[PDB]
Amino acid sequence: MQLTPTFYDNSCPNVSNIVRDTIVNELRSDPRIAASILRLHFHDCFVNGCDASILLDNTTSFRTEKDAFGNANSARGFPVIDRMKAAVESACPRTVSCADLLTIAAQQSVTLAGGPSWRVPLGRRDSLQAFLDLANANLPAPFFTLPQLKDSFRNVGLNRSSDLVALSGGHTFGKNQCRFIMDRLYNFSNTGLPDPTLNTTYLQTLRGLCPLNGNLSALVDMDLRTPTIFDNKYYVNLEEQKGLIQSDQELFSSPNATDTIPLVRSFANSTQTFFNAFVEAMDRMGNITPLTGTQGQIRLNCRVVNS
């Protein structure tokens, strides 16, 4: 079955508003939640498709993806997801899947942060288990080279350069722990020297935030220009060699960036072009091997499989 943005127009016409309202309230106490939610959706889709497998808690039959390298002590916002599911179950019992809920939540998060507004295709159903080992192999790491980042995306069906460049624009807001950039700051590639593609003045600022013997869990803004606004500033930073993580800067400075540089230049100089591309890439990501029809179920509680 093909996903359609009209899937709940009859069964639960107000699911979008309920989702938006929940995030709006949460943003008041946690300005970072919008970024956290968009990330949860991405990590859901890259492991067996957008099937809400990442939302399952540990059981005796399978381990949670929340323990995966990249998720463990990093991914957050789960209780917030619980809140909107409860509110939706009240208005539309056993109607909206967690997989779709997380998808709408990601879109609303982007819009609420100043990004584009669009209707996401719906109709996905929830998985009956979690895939930890798969998550440990499918999620891209910040130390990956450009070709490696390309392989990671192609591995799940996003084989276009625009997919990688556009979706990476998700780093236009949100935070990153010092631990993931320590090497770029003090000893890159076993050279004992910092990453040469990192702007020197910016290097001083980062070293101040992430000292050699400091807290590795200390958080830094992904986008130094507009830390909480979803815009195209992420690309301007790359042109100035101010991409925070290795995977960010490689989009512009890697020797294999022949095909990505033009997209960065384009996105850095046109919000419309970037927004159009981001929406297209997002819908493509949301279409990775979804469970539909009678496959999977409509979870009542996103943390556990239905009895």
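In this text, residue numbers run from 1 along the sequence as written.
Enquirer: If you average the CA temperature factors over each stretch, which comes out higher, 233 to 241 or 183 to 191?
Expert: Per the PDB record, 183 to 191.
Enquirer: Out of 84 to 92 and 97 to 105, which stretch has the higher average CA B-factor listed in the record?
Expert: The recorded data point to 84 to 92.
Enquirer: Checking the entry, which one of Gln177, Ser127, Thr145, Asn215 has the top C-alpha B factor?
Expert: Checking the PDB record, the top C-alpha B-factor among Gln177, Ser127, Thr145, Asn215 is at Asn215.
Enquirer: Between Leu203, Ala137, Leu112, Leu122, let me know which has the highest C-alpha B-factor in the entry?
Expert: Highest C-alpha B-factor among the listed options: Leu203.
Enquirer: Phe62's Cα B-factor: lowest, middle or highest third of the chain?
Expert: Tercile = highest for this residue's CA B-factor.
Enquirer: Taking only the Cα B-factors deposited for this chain, tell me whether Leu167 sits in the lowest, middle or highest third.
Expert: As the PDB entry reports it, the C-alpha B-factor of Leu167 lands in the lowest third of its chain.
Enquirer: Just say lowest, middle or highest third for the CA B-factor of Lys150 relative to the other modelled residues in its chain.
Expert: According to the entry, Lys150 has a C-alpha B-factor in the chain's lowest third.
Enquirer: Would you check the entry's CA temperature factor for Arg20 and let me know if it's in the chain's lowest, middle or highest third?
Expert: Tercile = highest for this residue's CA B-factor.
Enquirer: Sorting the chain's modelled residues by C-alpha B-factor, tell me whether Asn256 ends up in the lowest, middle or highest third.
Expert: Highest third, going by the recorded CA B-factors of the chain.
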